[PDB]
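Participant:
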Amino acid sequence: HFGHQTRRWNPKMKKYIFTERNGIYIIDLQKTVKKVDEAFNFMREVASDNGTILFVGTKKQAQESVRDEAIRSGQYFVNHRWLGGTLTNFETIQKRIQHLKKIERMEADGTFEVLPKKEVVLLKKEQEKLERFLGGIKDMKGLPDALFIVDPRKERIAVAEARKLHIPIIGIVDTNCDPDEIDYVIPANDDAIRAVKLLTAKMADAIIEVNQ
RNA sequence: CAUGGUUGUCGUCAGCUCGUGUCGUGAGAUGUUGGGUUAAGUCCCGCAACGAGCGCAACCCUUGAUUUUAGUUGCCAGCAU
Ligand SMILES: [Mg+2]
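Heads up: the first sequence begins at 15 in PDB author numbering, then just goes up one per residue.
(1) Check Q89 in the structure and name its three-state DSSP category.
(2) Could you tell me the boundaries of the alpha helix (DSSP H) in which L114 lies?
(3) Are the beta-carbon atoms of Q75 and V210 separated by less than 8 Å?
(4) Relative to the alpha-carbon of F16, which residue among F104, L213, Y39 has its alpha-carbon at the smallest distance?
(5) Residues in its own chain within less than 7 Å of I163 by CB, not counting five upstream and five downstream?
(6) Roughly how many angstroms lie between the CA atoms of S62 and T102, to the nearest whole one?
(7) By alpha-carbon positions, which one of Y90, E59, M27 ends up nearest to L161?
(8) Return helix, strand or coil for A160, following the three-state DSSP convention.
(9) What distance in whole Å lies between the Cβ atoms of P201 and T46, which are believed to be in contact at a cut-off of 8 Å?
(10) Does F16 come out as helix, strand or coil in the three-state DSSP assignment?
(11) Take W96 and list the residues in its own chain whose beta-carbon comes closer than 8 Å to its own, dropping the five residues that flank it on each side.
(12) Rounded to whole angstroms, what's the CA-CA distance from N36 to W23? Just pull it up for me.
(13) How many angstroms separate the CA atom of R58 from the CA atom of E223?
(14) Do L136 and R110 have their CB atoms nearer than 8 Å?
(15) Just the Cα atoms here: how many angstroms apart are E34 and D194?
(16) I67 and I221 look like a contact to me (Cβ under 8 Å); what is the Cβ gap, rounded to whole Å?
(17) Where does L43 land, buried or exposed, given buried means 16+ other C-beta within 10 angstroms?
(18) For a test of the three-state rule: what should DSSP assign to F147, helix, strand or coil?
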């Protein structure tokens, strides 16, 4: 399967090139098979306790894929910017959670109107801006028991903070990326639209098989 | 030039900070920079930061038009004197 140019590759993935071609490297699919075996097994073994599982899709080409798998799988996700402090500053992110909860309870259950225009002026624009980040994780009460990423080159903050928390992380890696930070890495290109979906399908099946 | 309290002053300038987080051996930084915009760290997009406080703004008084209430010590149109 494809990779990225020979101009900016990472030698940590010498294990994973296979039979290169015009400008772009290609990946050892059998290695990929074994890695997805370990990762699928481990995802199932993690979520067998009904844990909390977080997805990252900060990259354009996998926003939609991550979102679709996450809504099908009932486990939390992110696609817009990674708020620096998601899990380290989780206290204050959870303050923001409580705030959003208060707003959407105040609009319907408590009194909707207390000001003359402030509701549709500011409260709704703010609630848009909150959903523009918090997405799925609004109902993630505790920390994750495991994390999925799609591009540890783009998503280094999420990777780094999960590492500091010693949360187990997993994720696809293009040739530019670095697996040594990842625990149960999967070699594959992350810029194509079909493949990232094709992997998160299996990795959401892994949790759906056992959330029951 | 021991002090309180009161006061000018930079300057009604838009700035000064902080909890948690992160980077840095560390002091420190981040946030508070940037691109725009605004009278204004005002507000939006973006960002290893997310948020908050003091300030800014607004709530106050006054002036600027008008409705209802009340019409004397004010007013005088329609009226006589
Ligand atoms: Mg003021």
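Quick reminder that beta carbons are idealized off the backbone N, C-alpha and C, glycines included.
Facilitator: Considering the structure as presented:
(1) coil
(2) 104-120
(3) yes
(4) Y39
(5) Apart from sequence neighbours up to five positions away, the residues of its chain that approach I163 with a beta-carbon distance below 7 Å are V70, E169, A172, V173, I183, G185, ordered along the chain.
(6) 25 Å
(7) The shortest C-alpha separation from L161 is found at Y90.
(8) Here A160 sits in strand by DSSP.
(9) 5 Å
(10) Shown here, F16 sits in a strand according to DSSP, grouped into three states.
(11) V70, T72, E169, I171, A172
(12) 14 Å
(13) 8 Å
(14) No, they are not a contact pair.
(15) Spanning the two alpha carbons is a distance of roughly 22 Å.
(16) With a contact defined as Cβ atoms closer than 8 Å, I67 and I221 qualify at about 6 Å.
(17) exposed
(18) The answer is helix: DSSP assigns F147 an H, G or I state.
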